[PDB]
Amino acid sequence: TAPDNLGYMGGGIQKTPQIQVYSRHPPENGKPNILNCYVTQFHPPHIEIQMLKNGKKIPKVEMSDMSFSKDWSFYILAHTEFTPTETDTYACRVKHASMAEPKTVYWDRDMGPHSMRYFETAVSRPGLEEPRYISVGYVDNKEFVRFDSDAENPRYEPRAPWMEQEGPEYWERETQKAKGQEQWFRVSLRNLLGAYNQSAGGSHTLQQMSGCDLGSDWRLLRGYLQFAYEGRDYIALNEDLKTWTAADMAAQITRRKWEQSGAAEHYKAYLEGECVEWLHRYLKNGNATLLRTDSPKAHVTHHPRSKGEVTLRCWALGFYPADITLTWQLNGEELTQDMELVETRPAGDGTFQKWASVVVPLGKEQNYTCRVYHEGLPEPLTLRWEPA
């Protein structure tokens, strides 16, 4: 169930994408596969991504829908069917305002327990009175509804199959709230443009995160309600659900207005009331799919580098949910950030992939162990380089 904001924001900077290109399955020449280009941590959300086979645009490339992470940054997965061979090369090319020129990345084949969230975004459009407004609802970090003002018939739509259980009055009620949010983001965007002495020629973004965490007994643990302007923290409701934290001077004015009108009480009532009750219903209705876990399959690869050193890479593949911890230790003693990680990445089939590497001296590989922590496991894994 989505929130309905009340008072508006008061009135009167980019992030470079990180790009991984990687196959879903371990590549074998002649064997069909999927190539992924996962683009994360960028802002603003407008981005152009192309996949290229031998320098030519690949015609059928799937793109995920606009999404952002808890740090406000946007991410996208593009992917395509492909059959690796010895001589074909593949790349992902990304154009984004943070970069003067498009960036081409070549595929280097050789390398509480429950929650609901509504992640909402409004992007102002230089010549149009109305921004684009997208809202994405999540249940246990799995997308379950989505609204996008750019659709031909904008409505909340089910994004998890079990949401077929809601009748028409549900979609209508939720859609009407999305329309109210659209108007609110529009007003706030305009107020913010004056609050910061900006001109309308530009594009600007306002984002919201709202929802609730529950314990394993399904009792409320914490509610959340926070906003970002231009991808930067603006104001957040504190954990008491009564007081606000303002990130800067503009946001303090808003905080003062909202304390005077008691806005926190309205959001408090939503977070502790409908947010919880509707999450209960969604937990029950989506029972069959929300319990699923996939244990990581882990192994260590061995990469001799210059000098007498080696890189050990500890891989975890095939796992769900995406939360995982990979650590390297030396004789049971863990290394305080000596190691190279990679952002966890979707394989595209519902599981995820991650690795972590350390540089060690040749001959001393057996002193190092990798440990994998994941809730799908019966217990944490311990592994080490295993030669032939």
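When you see a residue number, it is the position in the sequence shown, counting from 1.
In terms of unmodelled positions of the deposited sequence, the chain runs continuously from residue 269 to residue 270 in this entry. Missing coordinates between residue 380 and residue 381 amount to none of the deposited residues, so the segment is unbroken. Of the two stretches examined, 179-187 and 231-239, the record assigns the greater average C-alpha temperature factor to 231-239. The mean C-alpha temperature factor is higher for 96-104 when 96-104 and 208-216 are set side by side. Within the listed group 359, 35, 49, 324, the record reports its top CA B-factor for 359. Within the group 341, 63, 39, 347, the record's highest C-alpha temperature factor is found at 341. Ranked within its chain, residue 146 lands in the lowest third, by CA B factor from the PDB record. Ranked within its chain, residue 305 lands in the highest third, by CA B factor from the PDB record. Compared with the other modelled residues of the chain, the Cα B-factor recorded for residue 367 ranks in the highest third.
Placement of the Cα temperature factor of residue 198 within the chain: highest third of the modelled residues, per the deposited record. For residue 110, the recorded CA B-factor ranks within the highest third of the chain. Only modelled residues enter the ranking.
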